[PDB]
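So here's one chain in two forms, each on its own in structure tokens, numbered structure 1 and structure 2.
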Structure 1
């Protein structure tokens, strides 16, 4: 791959639309079991917070050197204000819709002895009224960017993903989709879809061989009119499927500490590279390198320009 100029990345405008969330971590001690149940008791000593979901995707684009706009729906609560706060110092351009009746999506991880004990999730469906207002703001924000990134976590944020895809493709913009669910007809006309094994296995079933996997993907792209499919395979790296053929990149990870959010790094890198004129094939190689780097960091971290290149 060819080293990419930072000033070229500077003109990469990525519009991230999807489910934003707050990654909160509780670190504590377990000295005893509960006197009420055969479960542990955690005395929390410390709390850490990072942007997650669509926000994690957006911030990954900024750290790489690109520009990122985040269109999402956030509730009027404590986790909500915390996201607004974190976004203000992230570099991402916030375009947040506010839903008073919506609990802001928050993923609460409870740890002890550097060992996770439980994850507590708060989330719900945004109101239909809010989703329309966000859709209206999308029409406004669409011509202001180059690449559209759909970050789906099935929290109801991308309820009108189909309409938005058509509008972006009708505007000549490239549409990238991080899938979730088994429908995937809503992802019709997407330029690039980026599932992991579990997400792909949900819509096409478990493949019996590479040729079988080759067929199921090719059959899927034709059915859904999707130009390319990018299957991230964890420790197996990733594989890009298109009419131009297949490219398999092995996992480059030197040290594997925390994997969580690596898929976000993958799709953010591809999007921000494509927005910098970088060819799809080269964007994928850099994405795999970025994923291999971000995997050696604790939590849902990012990867800077300086780390990816030198």
Structure 2
């Protein structure tokens, strides 16, 4: 893949819509058992914060050189404020609905001696009113972006994904979907869906060969009006199933240290590349190179254009 001039990537406009998250990590020591319960006491010494979910997708898009808008819902709380701050220092243009009744989604990991003891989650469902308000922002934002990205984590932020996909594909805007759950009918009309092996199994069942997989993916795309499917297979790399044929990029990384934000980085890379008007085939290749860097990296991460 030849270089795409930074001036060209800079004109790539990606609208990220989905479930925003704040990844928080508490590192501490465990020297004793609680006096109230047969459980450890963690004396926390340091904290670590990363943008998660759609936010990480969006920030991955800007580090490559592209532009990213973020349409999502947050609460009126400190994690929500932290996300705003982190979005600001990461060049992501925010478009945030605020639900005071909603807790900002935050994934808190607790660690000691370099292992997790627990994960603590705060999350809920945005109100009916708030979601319809975001849908209005979508109509306004849609003409201002070359490509739309749907980052789904089943947190409620994509309840109106179907209508959003229709509006965008009518506008000639390419639509990418990072899926969650098995009910995929909601994703119909998408230009590209990006599941991993586990996610695809719940929809179509276990394949018995590459042919069996190739056939199931083919059925899945016709019955769901989806143009292409990018299957991420970890150790087996990733395989694109488009109408113009297939493409397989073997896993370039040998050592894998942490797999958070892997999927985020992949779909973000393709989107930014597609927004820059580059071929889906090259977009898929670069997405896999990016995925191989992000894996050999602790916590949710990002890649620059040169690293590719």
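Positions refer to the first chain, counted from 1. Shifts are known only where both forms have a C-alpha. Between two forms, the rigid core is defined as the largest C-alpha subset superposing within 1.5 Å.
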Is there a C-alpha shift of 2 Å or more at residue 33 between the two structures once the rigid core is superposed?
yes
Cα displacement of residue 255 between the two structures, once the rigid core is superposed (Å)
3.1
Cα displacement of residue 225 between the two structures, once the rigid core is superposed (Å):
0.6
Could you list, in sequence order, the stretches of three or more consecutive residues moving 2 angstroms or more at Cα between the two structures on a rigid core superposition?
32-41
